[PDB]
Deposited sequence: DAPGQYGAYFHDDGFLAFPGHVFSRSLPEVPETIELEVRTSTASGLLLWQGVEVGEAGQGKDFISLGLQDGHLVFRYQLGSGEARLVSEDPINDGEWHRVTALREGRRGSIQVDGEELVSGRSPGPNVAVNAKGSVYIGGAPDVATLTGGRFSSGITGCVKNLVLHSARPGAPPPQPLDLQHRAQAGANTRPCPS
């Protein structure tokens, strides 16, 4: 697992999320541990307004993304801010998205309007970011403090490639204020 602090992060290549057209089922899965009430868990924006992000808001997990005609917001029922490990599964196909925490009833919804694709080829940020306020366009002012493990970034296009937890140490790209995290 990977530990983060003071906006620490780990960056991965935007091809982990190899998107298509028609839109194809998108899977994000991870295990988090943190005492953070507000902060950035994941962000991929275009490097143009399209993005995808997972964050902490009032302890609550939030799934947000923009496809061109308005954001989707999906917030978990309770905070997962308790420093105990929590499984978060965020899924999206086109504008339809959902989140599930552990075994809690899944929250579902969509983005409004006709846009249906995330045109974002930027790096995928986890944990934090070099400068969060700029990257997130004002939506987050910090990363989280804690762990992430069994990160799964899957795009499910007809051939390529099977959905399994990414190796955080060698399968990364950028990185700051981060160290291996035990469990």
| property | result |
| --- | --- |
| Parts of the chain sequence, as deposited, that carry no C-alpha coordinates in this structure | 1 to 6, 54 to 59 |
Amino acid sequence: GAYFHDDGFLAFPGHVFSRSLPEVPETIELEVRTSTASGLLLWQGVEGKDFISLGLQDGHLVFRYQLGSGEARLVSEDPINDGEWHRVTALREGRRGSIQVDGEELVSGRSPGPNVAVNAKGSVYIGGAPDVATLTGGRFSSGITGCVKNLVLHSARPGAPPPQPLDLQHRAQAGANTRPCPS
From here on, numbers count along this sequence of modelled residues.
property: Stretch with the higher entry mean CA B-factor, where the candidates are 115 to 123 and 53 to 61; result: 115 to 123
property: 90 to 98 versus 106 to 114 - greater average Cα B-factor per the deposited record; result: 106 to 114
property: 142, 136, 155, 35, ranked by C-alpha B-factor: the highest one; result: 155
property: Within-chain third of residue 39 by Cα B-factor, per the entry; result: lowest
property: Record-listed C-alpha B factor of residue 67: chain third; result: lowest
property: Lowest, middle or highest third - CA B-factor, residue 47; result: highest
property: Chain-relative CA temperature factor third for residue 12; result: middle
